[PDB]
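Step one of this worksheet: look at the structure below.
Quick note on labels: first sequence line is chain A, next is B, and so on, each numbered from 1.
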Amino acid sequence: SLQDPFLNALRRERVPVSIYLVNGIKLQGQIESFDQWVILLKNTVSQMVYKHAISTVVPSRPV
Amino acid sequence: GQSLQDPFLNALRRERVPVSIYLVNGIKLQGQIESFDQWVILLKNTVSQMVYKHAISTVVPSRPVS
Amino acid sequence: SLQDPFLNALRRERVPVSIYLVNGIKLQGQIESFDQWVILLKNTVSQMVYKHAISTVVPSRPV
Amino acid sequence: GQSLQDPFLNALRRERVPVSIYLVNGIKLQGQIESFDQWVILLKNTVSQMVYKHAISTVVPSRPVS
Amino acid sequence: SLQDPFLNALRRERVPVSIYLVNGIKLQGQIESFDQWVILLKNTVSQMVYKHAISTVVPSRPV
Amino acid sequence: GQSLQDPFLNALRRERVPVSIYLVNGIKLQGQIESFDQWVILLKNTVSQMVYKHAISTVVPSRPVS
């Protein structure tokens with residue numbers, strides 16, 4: 001319901017994000033793609049982030 | 001008996017009560033509940049951030065709702 | 001099986017509890033109500049605690 | 001092959017073997033297993049506390065069972 | 001698919017292992033038995049380790 | 001739309017790209033992806049270790065794949 005539109009906006013507008021993980025680690029980058037289980041976050045490389053380990057997805061600026 | 005989550009969150013959303021959301025890592029988020037579904041809560045501060053419910057430990061109202 | 005009777009006793013007898021979360025945070029208060037997914041714990045306000053984030057529910061004194 | 005959890009916990013319960021339960025936050029609980037079901041273990045020390053299995057990492061007997 | 005053969009080898013060859021838990025605790029011992037949900041790890045006693053709390057199972061030496 | 005995990009991990013495995021796997025406890029593992037299924041990844045360094053996906057937060061390639 002809410003997840004896809006929220007991520008799709010950030011993706012299509014190529015907005016930089018902060019992804020806070022359940023281990024307290026903050027990841028930064030661009031949302032490259034996503035599905036039901038993972039987000040591909042691009043910085044220097046494309047890394048695969050499991051949604052089950054994500055606490056919050058924060059836009060760097062109002063979207 | 002069933003079912004407490006939606007009425008609780010809807011009340012906070014409709015009355016615009018500021019909340020603290022404690023995450024499973026111990027990080028505290030603050031803001032107002034903009035919207036929510038079965039999996040996520042949209043929490044508004046300066047930006048609207050998407051919080052996964054699986055990562056939430058407790059939702060604490062800053063003051064009584066209703 | 002065990003969960004509802006255990007919580008219902010603490011609720012109906014209005015016994016103060018300590019709820020330890022998976023993040024190590026200890027919450028204190030009265031069990032106001034509960035369902036399959038959440039417990040409402042009352043102190044100054046009613047806060048909603050997700051069971052998935054609860055490690056243990058400890059009565060403050062023998063029940 | 002299936003299924004180890006119930007016989008393990010029942011043995012500790014019936015022989016009244018003191019256990020240490022390590023939680024996913026690293027907190028160690030100690031006591032005797034009073035009862036359990038599919039979701040929780042009731043652990044008795046001075047009080048009976050309800051421990052969620054989803055929050056348990058390991059159950060360590062203080063001494064050999066049987 | 002991969003889990004059972006991997007653990008069964010360590011068990012049948014009685015290879016000592018390190019089991020890292022999601023709480024950062026490292027457990028050491030021999031794999032005594034296992035099923036879909038738990039591993040019994042033997043050191044001084046047999047302890048029951050929930051798979052849901054395991055991050056990695058590391059053989060102490062090449063297997 | 002569906003489905004990203006297998007092609008991502010298979011690419012790293014086939015090109016033998018060294019990866020860093022960050023676990024939910026914040027521990028970083030390093031090695032090459034030897035194999036994987038729906039539940040685990042076999043990560044090779046000096047030894048082959050079995051990593052549970054439920055305990056993984058992010059898989060970070062050490063360099064671009066393809």
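Side-chain N/O atoms of D:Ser66 and D:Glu15 include a donor and acceptor closer than 3.5 Å. A donor-acceptor contact closer than 3.5 angstrom is absent between the side chains of C:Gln30 and C:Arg14.
Residue with the most contacts toward chain D among C:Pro62, C:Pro59, C:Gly24: C:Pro59 (heavy-atom pairs, distance under 4.5 Å). Ranked by heavy-atom pairs under 4.5 Å with chain C, the first of D:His54, D:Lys53, D:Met50 is D:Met50. In terms of heavy-atom pairs under 4.5 Å with chain C, the best-connected choice from D:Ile41, D:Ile27, D:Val51 is D:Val51. With chain D as the partner, the residue from C:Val63, C:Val58, C:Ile54 showing the most heavy-atom pairs under 4.5 Å is C:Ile54.
Only the backbone of C:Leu21 comes within contact range of chain D, with heavy atoms under 4.5 Å apart. Interface residue D:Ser48: backbone and side-chain heavy atoms are both found under 4.5 Å from chain C.
With respect to the salt-bridge test (charged N to carboxylate O, under 4.0 angstrom), the residues C:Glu32 and C:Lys42 qualify.
From C:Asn8, atom CG reaches atom CD of C:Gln3 across 11.0 Å, with rounding to the nearest 0.5 Å.
For D:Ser62, the side chain to side chain contact (heavy atoms under 4.5 Å, CB included) partners two or more places apart in sequence, or in a different chain, are D:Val17, D:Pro18.
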